[PDB]
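*Asks:* Quick one: structure below, then a few questions.
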Amino acid sequence: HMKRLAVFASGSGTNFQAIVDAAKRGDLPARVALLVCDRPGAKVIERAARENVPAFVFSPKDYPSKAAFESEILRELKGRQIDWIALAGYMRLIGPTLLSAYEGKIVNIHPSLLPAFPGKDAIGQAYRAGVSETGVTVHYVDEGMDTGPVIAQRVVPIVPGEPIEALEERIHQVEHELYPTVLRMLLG
Ligand SMILES: [Mg+2]
Ligand SMILES: [Mg+2]
């Protein structure tokens with residue numbers, strides 16, 4: 001019974017694409033079974049359609065609370081026999097409704113070497129701090145924000161004088177390599 005993965009994403013969907021591409025070339029022993037997107041119009045939705053990956057798209061504005069929409073997401077996840085959840089560019093926190101149902105089965109990729117620079121815009125945080133290096137971390141999601149146990153990490157140097165664009169491209173390249181590799185081992 002191959003594990004079924006749901007990918008949560010809110011934007012361009014480049015990490016989603018990397019995961020789909022890995023599965024397509026036979027390097028991911030899991031089924032990319034669902035895309036959950038909280039931002040209608042996001043490019044990642046078009047990617048799912050092109051890749052024949054089912055998608056559950058919703059707007060938080062149509063619900064009175066996070067619990068309200070996560071309750072529907074949970075029903076959808078269970079009905080589609082989803083085993084694991086991978087956050088890949090999902091721009092909001094996972095609430096107790098999902099954390100409880102998928103405890104220990106939710107992972108996320110974060111653009112810093114956790115516990116360093118947790119939170120939003122971690123690429124910008126490291127750049128603004130002036131540190132000489134940062135990295136990419138895949139970790140388990142728990143009650144805290146970017147605080148669950150580290151699963152894997154890759155160090156990324158920050159070159160003196162280079163624009164932030166240089167660091168971002170480098171970090172994204174690493175994310176596209178690291179996430180599929182980590183998921184392969186986690187779900188294999
Ligand atoms: Mg090959
Ligand atoms: Mg509806």
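Ordering of the structure tokens sets the chain letters (A, B, ...), residue numbers begin anew at 1 in every chain, and ligands are numbered from 1 in the order given.
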Identify, with DSSP run on backbone atoms, the residues in chain A assigned to strand (DSSP E or B), and express the list as a ChimeraX atom specification.
*Replies:* /A:3-8,30-37,55-57,84-87,106-110,133-140,150-157
*Asks:* Do you know which residues are within 8 Å of ligand 1 using only C-alpha atoms and all ligand atoms? Can you write them as a VMD selection string?
*Replies:* chain A and resid 25 to 27
*Asks:* Within 10 Å of ligand 2, counting only C-alpha atoms and all ligand atoms: which residues, as a list in words?
*Replies:*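 Residues lying within 10 Å of ligand 2: residues 56, 57, 58, 62, 69 and 72 of chain A.
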*Asks:* Considering only C-alpha atoms, return as a ChimeraX atom specification whatever protein or nucleic-acid residues lie within 9 Å of residue 80 (chain A), sequence-local ones (same chain, fewer than 6 positions apart) excluded.
*Replies:* /A:4,33-34
*Asks:* Report as a tab-separated table the residues of region 69-148 of chain A within 10 Å of region 163-176 of chain A, each with its shortest atom pair and distance in Å (one decimal), using only C-alpha atoms, ordered by chain and increasing residue number.
*Replies:*
```
residue	atom	partner	partner_atom	distance
A:88	CA	A:175	CA	9.6
A:109	CA	A:175	CA	7.5
A:110	CA	A:175	CA	8.6
A:111	CA	A:171	CA	6.8
A:112	CA	A:171	CA	8.9
A:123	CA	A:168	CA	6.9
A:124	CA	A:164	CA	7.7
A:126	CA	A:167	CA	9.8
A:127	CA	A:164	CA	6.8
A:128	CA	A:164	CA	9.3
A:133	CA	A:167	CA	9.7
A:134	CA	A:171	CA	9.0
A:135	CA	A:171	CA	7.0
A:136	CA	A:175	CA	6.6
A:137	CA	A:175	CA	8.5
A:138	CA	A:175	CA	8.9
```
*Asks:* Please produce a file of the residues just selected, as a short mmCIF file (atom, residue, chain, number, x, y, z; two decimals), in the first residue's frame, where the atoms kept are N, CA, C and O atoms.
*Replies:*
```cif
data_model
loop_
_atom_site.label_atom_id
_atom_site.label_comp_id
_atom_site.auth_asym_id
_atom_site.auth_seq_id
_atom_site.Cartn_x
_atom_site.Cartn_y
_atom_site.Cartn_z
N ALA A 88 4.13 22.89 1.28
CA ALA A 88 5.12 23.36 0.33
C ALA A 88 4.67 24.71 -0.20
O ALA A 88 4.10 24.81 -1.28
N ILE A 109 8.61 22.50 4.56
CA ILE A 109 9.95 22.87 4.14
C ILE A 109 10.07 24.36 4.47
O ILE A 109 9.18 25.16 4.16
N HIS A 110 11.17 24.72 5.12
CA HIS A 110 11.38 26.09 5.55
C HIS A 110 12.75 26.57 5.09
O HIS A 110 13.75 25.88 5.26
N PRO A 111 12.81 27.78 4.50
CA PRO A 111 14.05 28.36 4.00
C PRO A 111 15.05 28.96 5.00
O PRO A 111 15.47 30.10 4.85
N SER A 112 15.40 28.18 6.01
CA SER A 112 16.40 28.60 6.99
C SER A 112 16.91 27.34 7.67
O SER A 112 16.36 26.25 7.47
N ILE A 123 14.10 33.91 4.33
CA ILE A 123 15.19 34.22 3.41
C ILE A 123 15.58 35.67 3.66
O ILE A 123 16.76 35.99 3.79
N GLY A 124 14.57 36.54 3.73
CA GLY A 124 14.81 37.94 3.98
C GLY A 124 15.41 38.14 5.36
O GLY A 124 16.29 38.98 5.55
N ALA A 126 17.42 36.18 7.13
CA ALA A 126 18.84 35.85 7.13
C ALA A 126 19.65 36.90 6.38
O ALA A 126 20.73 37.30 6.82
N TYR A 127 19.11 37.35 5.25
CA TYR A 127 19.78 38.37 4.45
C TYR A 127 19.92 39.66 5.25
O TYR A 127 20.99 40.27 5.27
N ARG A 128 18.84 40.08 5.90
CA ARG A 128 18.85 41.31 6.67
C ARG A 128 19.73 41.22 7.91
O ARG A 128 20.29 42.23 8.36
N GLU A 133 25.74 32.51 6.40
CA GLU A 133 25.13 31.34 5.81
C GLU A 133 23.75 31.10 6.39
O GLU A 133 23.41 31.61 7.45
N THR A 134 22.97 30.32 5.67
CA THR A 134 21.64 29.96 6.11
C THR A 134 21.40 28.57 5.54
O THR A 134 22.35 27.82 5.32
N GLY A 135 20.15 28.21 5.29
CA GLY A 135 19.92 26.89 4.75
C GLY A 135 18.46 26.57 4.51
O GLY A 135 17.62 27.46 4.53
N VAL A 136 18.18 25.30 4.28
CA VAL A 136 16.83 24.82 4.03
C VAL A 136 16.57 23.66 4.99
O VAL A 136 17.43 22.80 5.18
N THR A 137 15.40 23.66 5.61
CA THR A 137 15.05 22.62 6.57
C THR A 137 13.70 21.96 6.27
O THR A 137 12.72 22.64 5.97
N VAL A 138 13.66 20.63 6.33
CA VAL A 138 12.38 19.93 6.18
C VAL A 138 12.15 19.46 7.62
O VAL A 138 13.04 18.86 8.23
#
```
*Asks:* With only C-alpha atoms as the counted atoms, please give the residues lying no more than 10 Å from residue 38 (chain A), apart from itself and same-chain residues fewer than 5 positions off, as a PyMOL selection string.
*Replies:* chain A and resi 8-11+56-61+69+90-92
*Asks:* Pick from A:19, A:94, A:158, A:55: nearest to residue 42 (chain A), with only C-alpha atoms counted?
*Replies:*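 Comparing A:19, A:94, A:158, A:55 against residue 42 (chain A), the winner is A:55.
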*Asks:* Skipping near chain neighbours, those fewer than 5 positions away, what residues fall within 9 Å of residue 147 (chain A) using only C-alpha atoms, listed as a VMD selection string?
*Replies:* chain A and resid 114 to 115 118 139 to 142
*Asks:* Under the rule that only C-alpha atoms are counted, which of A:113, A:36, A:99, A:159 is the nearest residue to residue 54 (chain A)?
*Replies:*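 Result for the nearest residue to residue 54 (chain A): A:36.
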